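Have a look at the structure below before the remarks.
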Amino acid sequence: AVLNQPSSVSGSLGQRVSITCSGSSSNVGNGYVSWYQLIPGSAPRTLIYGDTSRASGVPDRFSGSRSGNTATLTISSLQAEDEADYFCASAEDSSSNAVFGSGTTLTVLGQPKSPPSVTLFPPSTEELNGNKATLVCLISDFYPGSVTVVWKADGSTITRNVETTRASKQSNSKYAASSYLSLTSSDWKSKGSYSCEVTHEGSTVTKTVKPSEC
Amino acid sequence: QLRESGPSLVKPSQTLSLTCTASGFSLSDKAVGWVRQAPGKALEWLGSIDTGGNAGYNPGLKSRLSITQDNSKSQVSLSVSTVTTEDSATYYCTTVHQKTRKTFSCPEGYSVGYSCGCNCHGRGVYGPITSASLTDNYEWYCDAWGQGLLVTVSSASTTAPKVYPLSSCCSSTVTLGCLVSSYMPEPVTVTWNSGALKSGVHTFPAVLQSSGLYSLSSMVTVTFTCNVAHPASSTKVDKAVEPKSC
């Protein structure tokens, strides 16, 4: 029902990695495996077909092979743009019945680290007129893609009404995230200071809004 | 360019219907297939309809799938009946390479004879010599891929967003933004100055609140107007963003 792939594969820049695709005689064993590359924000791209043939425009660092019921996608030299989810596939008993692999998330290590840039927006006048107040903490340009966010108000940590997204890769190959503090209008005016504290690789970048000046 | 069109929100136990057309080209001379991916899960084959009008389907889902063409074969439709929350996925339209060849085959440890058109030669239980068999070889792969249409199956109804301007309080770089708040379903598209802003724009992935409406923000590092489009609710808001006068 599904071809087995490793859940994730890691490698550093310029290193060779391989992604296997384990099926059975009914699919992979027939020797016409294809490979697909899924990058967020872009359409899926076909990399390999017929076990070894490269699609148009695909770099020569991608290569495919097959030994019995296991096919392999090989990247000879890793680049940052190669970070994606990779899927194998094959027909089964018909040219219209196909099964995909389980997917392999590829990560390319060794990229240069960078602290997060933090921007904290206060609630707008329009939202405050509706008796609501959302504080918006936007975090960008950090690598690696791991960040811890802490909200504070007059020196006290706020744990309720906080929603934080996971880190997502940007177009410049560094990561982004955002955090939301959903308050009422009266709550926003009761405190004198609100802070978004973003900790990344042991270093904390803090931004603060004061209602008395917004 | 392959384009999938259809609703982004469907109520459970109803029929999800999607259409695929091509821009720059015609689907009439190519086989067209459907592939979907649920969030955090593998790609899943749905089916295809070749140039001969014949439809093939994922066997485990055949009883719920219907893939049809029109008279010109310029547009291809997909129907998924009796949908549940498991049918929430991004649905892709593809062009598919499909060829069935008949070649001679041999058992384990046997090889075909030279220029046969046929007996097999090797060592095994069949003897040194045995007759080859004509077997179908299935060639299949997805060629072109559409951008995909995100479909959410849910009982919650459509909710248009509220767009609020974002501006700092009272610099080297002035940062403004727009908060696309409390909308359903995904997605929304955000541009700035009708696309005249090429760089300095960062739109962040949406968050899903304890409530259950999504919210995202876009910000520009520099009048400025964010163009928020929520096609599901036929909403288009162009919110002017002005920094505080102070």
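We label chains A, B, ... in the order they appear in the structure tokens, count residues from 1 in each chain, and number ligands from 1 in the order shown.
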
Could you list, as a count of residues only, the residues of chain B having an atom within 9 Å of chain A when counting only C-alpha atoms? 60

Do a neighbour search on residue A:73 at 8 Å with only C-alpha atoms, toss out local chain neighbours closer than 6 positions, and write the hits as a list in words. residues 18, 19, 20, 35, 62, 63, 64 and 65 of chain A

Once you have the residues from the selection above, write them out as a PDB file, in the first residue's frame, restricted to N, CA and C atoms.
```pdb
ATOM      1  N   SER A  18      21.855   9.353   0.576  1.00  0.00           N
ATOM      2  CA  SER A  18      21.039   8.442  -0.212  1.00  0.00           C
ATOM      3  C   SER A  18      19.706   8.232   0.487  1.00  0.00           C
ATOM      4  N   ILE A  19      18.647   8.129  -0.309  1.00  0.00           N
ATOM      5  CA  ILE A  19      17.296   7.891   0.184  1.00  0.00           C
ATOM      6  C   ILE A  19      16.791   6.614  -0.473  1.00  0.00           C
ATOM      7  N   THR A  20      16.461   5.619   0.343  1.00  0.00           N
ATOM      8  CA  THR A  20      16.035   4.326  -0.166  1.00  0.00           C
ATOM      9  C   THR A  20      14.515   4.271  -0.291  1.00  0.00           C
ATOM     10  N   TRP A  35      10.822   9.511  -8.837  1.00  0.00           N
ATOM     11  CA  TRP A  35      11.123  10.285  -7.642  1.00  0.00           C
ATOM     12  C   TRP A  35      10.596  11.704  -7.796  1.00  0.00           C
ATOM     13  N   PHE A  62      21.649  14.687  -8.714  1.00  0.00           N
ATOM     14  CA  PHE A  62      20.615  13.702  -8.433  1.00  0.00           C
ATOM     15  C   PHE A  62      20.802  12.498  -9.349  1.00  0.00           C
ATOM     16  N   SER A  63      20.807  11.304  -8.764  1.00  0.00           N
ATOM     17  CA  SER A  63      20.897  10.072  -9.531  1.00  0.00           C
ATOM     18  C   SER A  63      20.052   9.007  -8.856  1.00  0.00           C
ATOM     19  N   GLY A  64      19.566   8.063  -9.654  1.00  0.00           N
ATOM     20  CA  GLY A  64      18.723   6.993  -9.166  1.00  0.00           C
ATOM     21  C   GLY A  64      19.303   5.637  -9.512  1.00  0.00           C
ATOM     22  N   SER A  65      19.035   4.661  -8.651  1.00  0.00           N
ATOM     23  CA  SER A  65      19.470   3.291  -8.870  1.00  0.00           C
ATOM     24  C   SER A  65      18.446   2.365  -8.234  1.00  0.00           C
TER      25      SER A  65
END
```

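Between residue A:113 and the residues A:66, A:74, A:200, A:8, the shortest atom-to-atom distance, using only C-alpha atoms, involves A:200.
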
Using the chain letters and numbers from this document, which residues of stretch 42-132 of chain B does DSSP assign to strand (DSSP E), as a PyMOL selection string? chain B and resi 43-49+55-57+65-69+76-80+89-105+110-112+119-122+129-131
